[PDB]
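Here's a solo chain for you in structure tokens, the form deposited in one PDB entry.
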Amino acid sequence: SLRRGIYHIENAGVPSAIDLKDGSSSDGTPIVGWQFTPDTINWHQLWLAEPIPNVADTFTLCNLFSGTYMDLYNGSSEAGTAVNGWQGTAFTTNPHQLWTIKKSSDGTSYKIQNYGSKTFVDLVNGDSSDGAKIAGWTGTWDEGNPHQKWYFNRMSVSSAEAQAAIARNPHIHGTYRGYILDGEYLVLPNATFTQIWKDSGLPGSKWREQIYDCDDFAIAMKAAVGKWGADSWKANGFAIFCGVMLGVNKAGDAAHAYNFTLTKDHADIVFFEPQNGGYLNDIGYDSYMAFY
């Protein structure tokens, strides 16, 4: 089954993503096809999939920005029925907001079926225009129709995935202990991670013995990303990925505190120096503790 997490949902036929129009929280805001920029946060185009207990392959889909849910208007099975953002909750019993999401016949893209109507999410006429209508539409699980096929591009990691990325890194100390703080994390492109740093007041901060040294920079960066996450998104049930690490050098005579993020492919960690905004594959320290 599709895993719990945050997805950028991209049509299989044309490069249009599922977009809540203007990110609006109003009930009935149309959900439309819209172009996107890879390796950015696409602000109106991120969807938190929450599995429904006891209902196989079925999910609510919550817009990360608005906190409102993908909703089939009045649950109508009529072809052309509006698909809109609407107030709801993560584990609602409202079938208008419940979606069975399973692999299409190509085995890579998914089809998205309303649980009540049994109709499918359809980019009408495969229109690649910004603001193209998305509707519930008659269809089948096995047909090739690209109007109803959707790539679920995973934008989050589970804590287990983050832990695996750390574990395969070559700069981990033998004494390493990791402390996990949340369960599912939006992975930032470096462009956004950098922006948060740039706006944090840290670029302007002076290194000062004990009173504002390694530990203070690293903790301040983590706090900055935490604040950004809450200020930026209205959905709940996920965190923003930003780790803190304490490390020791090879000679075992010097220590450092710093941050880390994740690669685009989610497979590896990358170290971040909060004193200068630099990204490094080797920061010159082996991590003996991390929290994230």
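In this text, the rigid core denotes the largest set of C-alpha atoms whose superposition between the two forms falls within 1.5 Å. Numbers follow the displayed sequence, beginning with 1.
Asker: Comparing 170 to 178 with 218 to 226, which has the greater mean CA B-factor as deposited?
Answerer: The stretch with the larger average C-alpha B-factor is 170 to 178.
Asker: I need to verify one thing: averaged over C-alpha atoms only, is the B-factor higher for 199 to 207 or for 94 to 102?
Answerer: Mean CA B-factor is higher for 199 to 207.
Asker: Please work out which residue in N84, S129, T108, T81 has the highest C-alpha B-factor recorded for this crystal structure.
Answerer: Of the options given, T108 has the highest CA B-factor in the PDB entry.
Asker: Highest CA temperature factor in the entry: which of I31, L46, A255, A49?
Answerer: That would be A255.
Asker: Ranking every modelled residue in this chain by its Cα temperature factor as given in the entry, which third contains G67?
Answerer: Lowest third - that is where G67 ends up once the chain's C-alpha B-factors are sorted.
Asker: Among the chain's modelled residues, which third holds the C-alpha B-factor of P53?
Answerer: It falls in the top third of the chain.
Asker: Lowest, middle or highest third of the chain for the C-alpha temperature factor of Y288?
Answerer: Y288: CA B-factor falls in the middle third of its chain.
Asker: Could you look up the Cα B-factor of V14 in the entry and say which third of the chain it sits in: lowest, middle or highest?
Answerer: Middle third by C-alpha B-factor.
Asker: Taking the entry's C-alpha B-factors for this chain, is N259 in the lowest, middle or highest third?
Answerer: Middle third of the chain for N259's C-alpha B-factor.
The same protein also has a form deposited in another entry, omitted here; what follows describes it.
Asker: Following superposition of the rigid core, which of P146, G178, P95, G80 is the only residue with a C-alpha displacement of 2 Å or more between the shown form and the other one?
Answerer: Among the listed residues, the outlier is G178.
Asker: Is it true that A230 shifts between the shown form and the other one by 2 Å or more at the Cα, once the core is aligned?
Answerer: The answer is no; the displacement is under 2 Å.
Asker: Is it true that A251 shifts between the shown form and the other one by 2 Å or more at the Cα, once the core is aligned?
Answerer: Passes the 2 Å threshold, so yes.
Asker: Your call: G229 and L181 CA atoms, closer or farther in the other entry versus the shown structure, by 3 Å or more?
Answerer: Compared with this form, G229 and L181 lie farther apart in the other entry.
Asker: Since the Cα-Cα distance for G178 and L64 shifts by 3 angstroms or more in the other entry, is it a contraction (closer) or an expansion (farther)?
Answerer: The answer is closer, because the C-alphas of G178 and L64 approach each other in the other entry by 3 Å or more.
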